[PDB]
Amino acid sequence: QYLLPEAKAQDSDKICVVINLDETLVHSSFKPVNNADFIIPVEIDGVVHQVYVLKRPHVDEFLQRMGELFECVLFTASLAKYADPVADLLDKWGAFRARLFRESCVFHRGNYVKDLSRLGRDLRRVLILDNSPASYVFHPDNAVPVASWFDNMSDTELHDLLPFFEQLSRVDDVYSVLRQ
């Protein structure tokens, strides 16, 4: 079995891009954060604790456009009980066609690795956007790096990457740009 079903007809032509959540699109914390964007109750061993989520600047512009250009898949090493609520509040346009959590990662030498080869998509039409180079150790030529984000609101990295994804969404083989 593959992690993903066959892409729907309106997606199958598009490149797949797997998008990381934490420190890529948002940063969360159990330490209280004033003026948080979202707060999400998460049960850990029976006790509910509040998780304070901040949105990386320009994430809404980023997700709305990316959902047009690609078959976008959320792929995080975190747990669904936290990620699904976060994704529900972020994805206001239905950009994520699927969501993949910790149990879909491969544990490789102390790191959770996103094994793109188990997606079920031609790797020449797959990209990964992740703040941890360790997450894409098996497919480094499929990767678009982004710096980890925590709380810098001057950050514009998602905004600055859009013209580059515009190019990538139109090639036939992403390796022609990322070098085979």
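Position 1 is the first residue in the sequence shown; the rest follow in order.
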| query | finding |
| --- | --- |
| Higher-scoring stretch by recorded Cα B factor average, 51-59 or 37-45 | 37-45 |
| Chain thirds of CA B-factor: placement of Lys81 | lowest |
| Third of the chain, ranked by Cα B-factor, where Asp130 sits | middle |
| Chain third (lowest, middle, highest) by recorded CA B-factor, residue given as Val17 | middle |
| Chain thirds of CA B-factor: placement of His108 | middle |
| Cα B factor band for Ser148 (lowest, middle or highest third within the chain) | lowest |
